[PDB]
Every structure is written in structure tokens, then in C-alpha cells.
Amino acid sequence: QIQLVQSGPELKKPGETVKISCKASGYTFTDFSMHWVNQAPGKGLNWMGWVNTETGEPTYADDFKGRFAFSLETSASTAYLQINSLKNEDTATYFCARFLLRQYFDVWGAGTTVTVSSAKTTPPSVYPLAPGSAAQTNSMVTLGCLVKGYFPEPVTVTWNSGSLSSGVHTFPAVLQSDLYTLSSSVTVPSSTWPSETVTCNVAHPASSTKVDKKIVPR
Amino acid sequence: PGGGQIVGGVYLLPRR
Amino acid sequence: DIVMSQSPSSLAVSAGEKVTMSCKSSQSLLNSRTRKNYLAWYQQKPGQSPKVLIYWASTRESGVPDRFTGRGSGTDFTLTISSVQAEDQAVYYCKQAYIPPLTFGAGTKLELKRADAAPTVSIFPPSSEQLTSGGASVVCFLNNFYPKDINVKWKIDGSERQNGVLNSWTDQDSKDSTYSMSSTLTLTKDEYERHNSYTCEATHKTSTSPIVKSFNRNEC
């Protein structure tokens, strides 16, 4: 019913500034305060402050007082968050949430990740992982997709366009000298492979990458 | 509603 | 600035059991006129944004499971999950909104416990495509095991190789409550062309003997 859509992942270098949005839908924007909460990788939530939507006046928490700014566009029912002079510490997710008078958040945005780094955006290499020619046949067979050498983290992976969603395991990407590598496995009955095809769909938007890798035996 | 957006339950009074 | 202290930082329960976690504020979050404590509880699952479970300290949010209960008044509060399910795995945070700045606790991670389970191991030789690039990654999947404690060891022609190995672990499963791992060994096409045997060994708990998976660069 009510929704908050947030801008996509951002990749800025130290010093540069960024600005993200949060569009409200399903309610009268001007009637509820809009808040911002951030979260660094592997950490807790931090209240950043809030913007009075009926007035436009922003209030910032001691920690986010300085280079952070809450903006507004009532006509577009949108709220903006700008972070100037980005430092290799502002790398976090940043959520926007709607606040009720009962003093709690009932609607959140999915969060907008921002990475502050000097590493260069780079396309991934997708390789199909088929078992060995001399591999023994079991009731189930595991197949895999290896996505190596890409940078901006945002990368998605699916199998048979979602048809195969059960029996999948996508591992968190690991960073190694400015380059991430990720892998994904899917397990299906041997009786169905290679009888029925299996392909992994990966996309790395940051580099306009989109490919489907069919998994062929041997 | 739009009359005064309040952040902080300490600033709240019972209905009426 | 009211400080919120949550405990314990982590809790491990098995499905069906009842769990309770505390959260304490540096001062009273009670408004004597409205007579309500402005402490809220949120649930955040991996890759998701937080979702409220309780507000007013003890009022369940509309549409939230009745096995979630908040208690307390003043500075000592608790959140109780009567019968924990697999899909309750997450970090729970409390938040005070009595006096700004709104402050969150550190959170409590809810981990499930289940029957031990050995990982099904699968090993994969480099793809002809990667080999063309002059690179060579060998992949070893160790899926659906429990507990999480597990150590993998690679070996090339019988010798251990620690260099150039990259591992990754998934968060505890949503319906399975198990863990999965991924170990990748990459070498140059050249160094990979000099050896025959490649194997990854998994030492778990479900067996005194390591589960092994090998493949020879010959038949491959």
C-alpha cells in the first residue's frame, strides 16, 4: 500500500559528494516526518536525523552534523539525502523511513548503498561450473556459476530466470585487491540434467554487463 | 496530519 | 542521549523453543501523562531493511505474529519469542523515541539450532573459458551443513595449498537453518598445467574422517 522507493547503489571516490532520493507513495507526504537511518557493513543502525515534511526543517544527530543535508520536493513527494566531501568511512546503506506519532517507523526504503573507494569499475567474467567428466552420478547434481573480477558490488544472479529458486546458494562476494569474485550453486535432480537445460543469469549494471551462461556437461 | 510533526514521546499529551 | 543496552549479543535456540532478550535504557522512557514507554522493537533479516514488531514498549504491531511479545516499563525492557521458527533468524534491535536523538541498541542475533548435518561436497575444475584467459579457478561447494564450524583444506598432488584461496559463507538458511560454504582456488593456467590431482577436504563434526572430493587434470 504505502511505499518508499530509493535510488540505486552509489560509487563515489573520496572527496566527491553524492545525493540520493526516497519517493513516498500511498499517503499524504506532507503529513509525516521522514527519517534517515544508516548502517555500515556488519554494524548496527544509527539514527541520522529527520526532516519536517510540512515545514522542510531538518534536525541532525551530533554524528551526522556537518556534511549531511536533508532536502525536500513536496510536489514530487520525495526526500533527498546529500553527503558532501565523502570519506572512506561513509560507506554504508542509508535507509529512509516514515515516522508515526506513536513514535516508531512503520515503512522503510530498501536502503541505498554508497561505496567510497578509488577502485575502478570493472566488468566481471562469468564462468560455468560443470562437474568433472569422471564425476560420479548421484540422486542430485550441483551446478555452478563463477562471477570473477568485477568492482561496484551490485551484482545479481539467477538460474533459469527464477524458475530455479529452491536449491540455490549465492555466496557473499569477497573483495580481493579492488576486485570482487562471487559464486553461486544450484542443485537439481540428475534425472533432469543435462536433459533439461540450466543457465545462470548474471548482471553487473555498473558495467552494463548482462549474460546468461548455459551449463554444458564435460 | 499537518499541525505539528512531533519527534519525541516526551512532548506528547493524552488525547483532547 | 539515552543509551540503549541490549543483551545478550547473540542467542541460539532450536525451533519451537522460547527465547527472551533484554534491552535497558540509561533513563526512563515513560511519559507519565500518556503513561506509555516509547521503546520500539525491530526485526532485520539479512539483506533486508528493519521492520517493527512492537511499539509503546508492549503493543504488538498490526499483522505481527502473536509469539512476539514486548514487556517492561521504565528502563528495563524485554522482547519474547514464544515458539521460534526458522524464519525468525535475524538481528533484533530496540529503539527509544522518548527524547531525541532516537537511539538504537546494538541488537541481538537470533541463530537456530538443528540436527547435525554433513555438507554435500562438490568440486569443479576450471572452465575452458577461463583457461583461455590464462587463468584457472577450481571451485569447491560445501552445502547445507550444521553446525557452522568447518574447515576446508586444498591439496595439489597431495600437498596443501594455502595461497590464492578464497572462501565465502552464507547466512543461516531461512527454512533449512543450515549453512553453506564456497571455497575457490585460483592459479595461472601455467601453474595449473603442471599438476594432476586437485582436492578439497572438509573436516566437520559429522565424521572423524574428512569428506574428500578430487578430480585429475588428466581425464579433465
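Only this structure's heavy atoms are used, side chains among them; waters, hydrogens and symmetry mates stay out. Quick note on labels: first sequence line is chain A, next is B, and so on, each numbered from 1.
Counted within 6.0 Å of NZ on C:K153, heavy atoms from surrounding residues, nucleotides or ligands total 12 or fewer; the atom is thus considered open. A 6.0 Å sphere centred on CZ of C:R71 holds no more than 12 heavy atoms belonging to other residues, nucleotides or ligands. Enclosure of atom CD in C:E219 by more than 12 non-hydrogen atoms of other residues, nucleotides or ligands within 6.0 angstrom is indicated. Remark: C:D157 CG is packed, more than 12 non-hydrogen atoms of other residues, nucleotides or ligands lying under 6.0 Å away. A:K65 NZ: more than 12 foreign heavy atoms inside a 6.0 Å radius. Surrounding NZ of A:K23 are more than 12 heavy atoms belonging to other residues, nucleotides or ligands, all under 6.0 Å away.
Of the possible donor and acceptor atoms, none in the side chain of A:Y104 sits under 3.5 Å from a partner among the backbone N and O of C:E61.
Only the side chain of C:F141 comes within contact range of chain A, with at least one heavy atom under 4.5 Å from a heavy atom of that chain. Residue C:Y42 touches chain A through its side chain alone, counting heavy-atom pairs closer than 4.5 Å. Of the atoms belonging to C:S62, not a single heavy atom falls under 4.5 Å from chain A. Looking at C:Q48, only its backbone comes within 4.5 Å of chain A, counting heavy atoms on both sides. The parts of C:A97 that come within reach of chain A are both its backbone and its side chain, each placing non-hydrogen atoms under 4.5 angstrom from that chain. Of the atoms belonging to A:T113, not a single heavy atom falls under 4.5 Å from chain C. Residue contact with chain A, scored on non-hydrogen atoms closer than 4.5 Å, involves the side chain of C:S133 exclusively. Looking at C:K213, the atoms closer than 4.5 Å to chain A (heavy atoms on both sides) all sit in the side chain, from C-beta outward.
Residue with the most contacts toward chain A among C:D1, C:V52, C:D171: C:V52 (heavy-atom pairs, distance under 4.5 Å). Chain A forms the most heavy-atom pairs under 4.5 Å with one residue out of C:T120, C:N144, C:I123, C:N167, and that residue is C:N144. Taking C:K36, C:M181, C:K51 one by one and counting their heavy-atom pairs under 4.5 Å with chain A, the maximum is reached by C:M181. When A:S185, A:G111, A:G44, A:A61 are compared by the number of non-hydrogen pairs under 4.5 Å with chain C, A:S185 comes out ahead.
In this structure, CD1 in A:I215 is found 11.0 Å from OG in C:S127, a value given to the nearest 0.5 Å. Separation of atoms OG (A:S183) and CZ (C:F124) is listed at 10.0 Å; rounding is to 0.5 Å. Interatomic distance, OG1 of C:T34 versus CD of A:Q103, reported as 9.5 Å (0.5 Å rounding). One finds the CG atom of A:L182 at 7.0 Å from the OG atom of C:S168 (value rounded to the nearest 0.5 Å). Rounding to the nearest 0.5 Å places OH of C:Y93 at 5.0 Å from CD of A:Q39.
Counting only N and O atoms by type, the side chains of C:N143 and A:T187 include no donor and acceptor under 3.5 Å apart. For the residue pair C:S180/A:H169, the side-chain donor-acceptor check at 3.5 Å is satisfied.
Two residues are said to be in side-chain contact when any heavy atoms from C-beta on lie closer than 4.5 Å; C:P50 and A:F95 meet this criterion. Residues C:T184 and A:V174 fail the side-chain proximity criterion, which asks for heavy atoms closer than 4.5 Å. Inter-residue side-chain proximity for A:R102 and C:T59 is flagged as unmet; no heavy-atom pair is nearer than 4.5 Å. Between A:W47 and C:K95, every side-chain heavy-atom pair lies at or beyond the 4.5 Å cut-off. Residues C:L166 and A:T181 are in side-chain contact: their nearest non-hydrogen atoms beyond the backbone lie under 4.5 Å apart. For the pair C:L102 and A:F99, the minimum side-chain heavy-atom distance is below 4.5 Å.
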Verdict with supporting geometry, C:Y55 and A:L100, side chain to side chain contact (heavy atoms under 4.5 Å, CB included) = CA-CA 11 Å; C:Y55 63 93; A:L100 307 186; over 6 Å; no
Show which side-chain atoms of residues 126-155 of chain A pair as donor or acceptor with protein atoms under 3.5 Å away, not counting sequence neighbours.
from   : atom 1 : to     : atom 2 : distance (Å)
A:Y127 : OH     : A:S125 : OG     : 3.3
A:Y150 : OH     : A:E153 : OE2    : 2.6

